[PDB]
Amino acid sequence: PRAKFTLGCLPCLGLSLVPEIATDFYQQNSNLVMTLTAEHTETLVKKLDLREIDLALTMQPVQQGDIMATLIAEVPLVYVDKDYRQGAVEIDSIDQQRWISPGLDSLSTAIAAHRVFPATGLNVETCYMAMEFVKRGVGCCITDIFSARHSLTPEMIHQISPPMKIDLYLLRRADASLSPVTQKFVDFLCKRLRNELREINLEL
């Protein structure tokens, strides 16, 4: 029974993870009207208010209007740099003269819990844009594991000490209801996201 739903997600989730999961679902159920888009948190919330999307994946809880925030799992953060010293990295050991300031508030807030970095020359509000600067040796960053895995060779990806994490949320309007097929997708999405993150977290 053909159901129509729109999923919006953060850019770091749209690079590979969400397309992979949507693919696995699309193959075992083709009669669908599936719309996917990647947006920043603020846009995701407004498009949810305006019923332009039905589901949003963020790293921030929200309780405005009728939006229900469901905690799916915890996303590990990693230090990324074009340097060939391997092993974990303490946040206090990071060279602040090469720091690229992130734009993800949750990422920033989590980093600010352990260290506040001063104003710098490069500020990058989109994960894959920051990763390209790291790839070219321009600077270093702390990012989610997904944007690091997708864009960087493993020699550039380092665990942080102490471990750092941020929460992954599925946002959904309460009063806007979903079809039976759509709720099946939501369950599948949440289980897959939790299982993948369960593994990744154990690897770190």
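The numbering used is simple: start at 1 and walk along the sequence shown.
Note on 55 to 63 vs 29 to 37: mean CA B-factor is higher in 29 to 37. For the two regions 113 to 121 and 129 to 137, the entry's Cα B-factors average higher over 113 to 121. Per the deposited coordinates, the residue with the largest Cα temperature factor out of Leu77, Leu104, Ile94, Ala73 is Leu104. Annotation for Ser16: C-alpha temperature factor in the lowest third relative to the rest of the modelled chain, per the entry. Among the modelled residues of its chain, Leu178 has a C-alpha B-factor that falls in the highest third according to the deposited record. When the modelled residues of the chain are ordered by C-alpha B-factor, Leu7 sits in the lowest third. In the PDB entry, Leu50 places in the highest third of its chain by CA B-factor. In the PDB entry, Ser161 places in the highest third of its chain by CA B-factor.
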